[PDB]
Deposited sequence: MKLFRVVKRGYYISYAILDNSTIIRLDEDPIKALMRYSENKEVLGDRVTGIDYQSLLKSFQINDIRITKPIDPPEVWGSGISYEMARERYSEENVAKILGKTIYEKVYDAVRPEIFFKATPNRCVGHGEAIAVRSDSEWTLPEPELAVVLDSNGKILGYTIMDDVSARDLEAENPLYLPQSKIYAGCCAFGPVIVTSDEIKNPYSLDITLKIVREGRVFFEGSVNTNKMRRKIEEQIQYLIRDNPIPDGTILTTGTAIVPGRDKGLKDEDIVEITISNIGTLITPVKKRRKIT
């Protein structure tokens, strides 16, 4: 099952697309629906015609419906350095200490209102000359840490603020339009091997590909199960929480995002998340 959400006349509607391309309108809140699917693979709803899923992915708005975040995730967290100048402890840089350490990096990323979806604009802080989109795979957790599904997440980060001081990391991570995900949430059974997925980032600037990298999730060293273990340790999380797993694609200092740029991220079996950029004014 792949789960998406639109806004129609000011209220939300959740739809599910099945492998046979039949679309179902959910009777339930989508978080509770993912929890139900997790138990018995059942979607409560009715089969609907006239929902143009493909046009929503390509055009965002069709008829009176516009695609958005697939859910409101009460909390969003992130893990850093899960894949293969700055501060440092005893010569060893703090980032490469984490890469070897038993304890991984876990940080708070967003609340639902700080997030955006397919077609909606991510944001660059007003006080940032070097903001980068971090293309990552993310998971939707229940309160026990069980994976309910996967989605594409964009951990937008003001890399210059982090670089100045690791104590600025929250400021570099947590702000309006600092997080994007979708276009859908795929249920767990849609992904057989999470550690064999391609992730392609593209940054379009004036109809022209300013950057393009990609990496497979087989390059991931820190396992997702372990990231969750540390997240929920003495730390109750609400159902529908999202954990973003980390990025490998990191454009250079000179590849900072700017107003009007289009960030396109593609992950295998999930889809392609497209978002414009909005530079904030002081």
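Original post:
Which runs of the deposited chain sequence never show up in the coordinates?
Top reply: Seq positions lacking coordinates: 85-93, 292-293.
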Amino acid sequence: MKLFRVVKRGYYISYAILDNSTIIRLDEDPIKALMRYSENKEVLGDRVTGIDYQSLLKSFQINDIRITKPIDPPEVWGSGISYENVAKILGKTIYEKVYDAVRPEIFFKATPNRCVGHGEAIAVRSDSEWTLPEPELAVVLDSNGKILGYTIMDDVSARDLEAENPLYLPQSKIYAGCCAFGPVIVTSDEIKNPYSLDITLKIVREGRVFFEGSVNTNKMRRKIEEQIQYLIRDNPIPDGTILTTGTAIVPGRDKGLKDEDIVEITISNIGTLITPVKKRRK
From here on, numbers count along this sequence of modelled residues.
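**OP:** Higher average CA B factor in the deposited record is what I'm after, so tell me if that's 184-192 or 96-104.
**Re:** It is 96-104.
Subject >> Mean Cα B-factor comparison, 86-94 or 120-128, giving the higher one as deposited >> reply: Comparing 120-128 with 86-94, the higher average CA B-factor belongs to 86-94.
Subject >> Options 70, 213, 240, 236 - largest CA temperature factor per the record >> reply: Among 70, 213, 240, 236, the PDB entry lists the largest C-alpha B-factor for 213.
**OP:** Comparing against every modelled residue in the chain, figure out the third that the C-alpha B-factor of residue 246 lands in (lowest, middle or highest).
**Re:** As the PDB entry reports it, the C-alpha B-factor of residue 246 lands in the middle third of its chain.
Original post:
Can you tell me which third, lowest, middle or highest, the CA B-factor of residue 50 falls into for its chain?
Top reply: According to the entry, residue 50 has a C-alpha B-factor in the chain's middle third.
Original post:
If you rank the chain by CA B-factor, which third does residue 134 end up in: lowest, middle or highest?
Top reply: According to the entry, residue 134 has a C-alpha B-factor in the chain's middle third.
**OP:** Classify residue 254 as lowest, middle or highest third according to the C-alpha B-factor given in the PDB entry, relative to its own chain.
**Re:** Top third by C-alpha B-factor.
Subject >> Ranked against its chain, the third holding the CA B-factor of residue 36 >> reply: Its C-alpha B-factor, which the entry lists for residue 36, ranks in the lowest third among residues of this chain.
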